[PDB]
């Protein structure tokens, strides 16, 4: 693209929400759309990206920003990690995520009204949660009612294309779940989600569904990959965003201008950073790095909220995990790889996550004196999920998962199950994204502030106990567990579990909230129409606008944010739509 070029709409960051907004705005073939993106433009040519079973190998690949991130910062414990994975490619993090497609709980979204008004509640958002996807049930295994989750969009979704060898695994896990007295549930898309489910996935016919499917074959979209954003171009007198400045691989600085609006979609970590480099952020933070303050927006980079997870691995009887087929070299792997390279069939096309649990653990919490005190102190309401939403998302990954064992080696033998104990309703205060400098090529400093509140530790511990009770005592699956890896979970000692939760936890990969939607600038950074408070012609569309983190994996809500952003943009530009 030519330096100085004008487009109707400029999307900064071709990620999950960015391409959604851009692709929807290009549906008038006369509207010009530009996308600037730091990573490659051709993710559909990359086997590791398009192949679902390769997803975990994308950590630390060239497609991963590989941020350093402080996981917990308590007086008694602190840990910083690398990589905290985020997609650096067209499609953003939808090009390297673990595929689960689940909206969340109606009570949670209804509370967004405090920030976005009544249009950001469950009932009005349901269509936006479905518009991006086209639902498939080719083997006709599930209720026809579930067709409603696909509104016809360009992201193909389906129930997991089940691995045949894992059917005994699935049957015993189901038997064990029911034997614990917890429900089975298949419709988790109407606002309720209590039980164990067959998850849906951004996978179809063994291929990853990435947001890049929004912006291909559209001559009115100009895609400029391999450029790094330097700054938003702001006119102070007009209080107007004009466009964006980027740096190319050759080190040249380019200006691109929007004649209607700029949409910032750089994700939860780079969106607040780019805002701050451009003069929009906490004035004292800006001054400390030599950046002039155009708008004192105290919430930029604040309210960073993510789901903590404590994963654990069990060695399981032979044939009840996929390690021997996909993780280890040999004839079995060669065979399924040959099949996949010819027609994309076989378990190489699997995301390896097929059953997902959304329990409450009230009976576990009630055994802890400190939880009981805290609930009574909250007037008798559960501090985590007072409106009946889940406490956990339990991903039962049917294999050893390196992306969930950050400090342990891969076992050299045996089949495994990786359980991701993902606390979806934490009550710890949020962390923050802050500037390290005015350098656009340095990462922001990132603190997730997991487990600031001791109660979240108590919950995560009990979520681990629930999972252990399920797998070691639950019927059918109890006969499949061979050992714990890499050592025993110290569930018999609360004091050791305290250390175990802090030292073994990680991000469940759901960061949100750093430019959140709100009614005014004293509450957040963008307004209910996703416009940056104090700036004209600037919207934000990505996970950073999310004001209350959903009760589950978040990609479904992120697409919805993009879908709604595009609709509100179209409604304002009547002369083009």
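Residue numbers count along the first chain shown, from 1.
Asks: With respect to the recorded C-alpha B factors, which stretch has the higher mean value, 112 to 120 or 334 to 342?
Replies: So the stretch with the higher mean C-alpha B-factor is 334 to 342.
Asks: Averaging only over Cα atoms, indicate whether 474 to 482 or 85 to 93 has the higher B-factor in the PDB entry.
Replies: Between 85 to 93 and 474 to 482, it is 474 to 482 that shows the higher mean C-alpha B-factor.
Asks: Between 304, 452, 184, 313, which one tops the list for C-alpha B-factor in the PDB entry?
Replies: Of 304, 452, 184, 313, 184 has the highest C-alpha B-factor.
Asks: Per the coordinate record, which of the options 367, 360, 298, 74 holds the highest CA temperature factor?
Replies: Top of the list by C-alpha B-factor: 367.
Asks: C-alpha B factor of residue 527, ranked within the chain: lowest, middle or highest third?
Replies: For residue 527, the deposited C-alpha B-factor lands in the lowest third.
Asks: Please say which third, lowest, middle or highest, residue 371 falls into when its CA temperature factor is compared across its chain.
Replies: According to the entry, residue 371 has a C-alpha B-factor in the chain's highest third.
Asks: Mind checking which third residue 503 falls in for C-alpha B-factor across the chain?
Replies: Answer is middle: the recorded C-alpha B-factor places it there.
Asks: Using the temperature factors of the C-alpha atoms in this entry, rank residue 44 within its chain: lowest, middle or highest third.
Replies: As the PDB entry reports it, the C-alpha B-factor of residue 44 lands in the highest third of its chain.
Asks: Residue 568: which third of its chain by C-alpha temperature factor?
Replies: As the PDB entry reports it, the C-alpha B-factor of residue 568 lands in the middle third of its chain.
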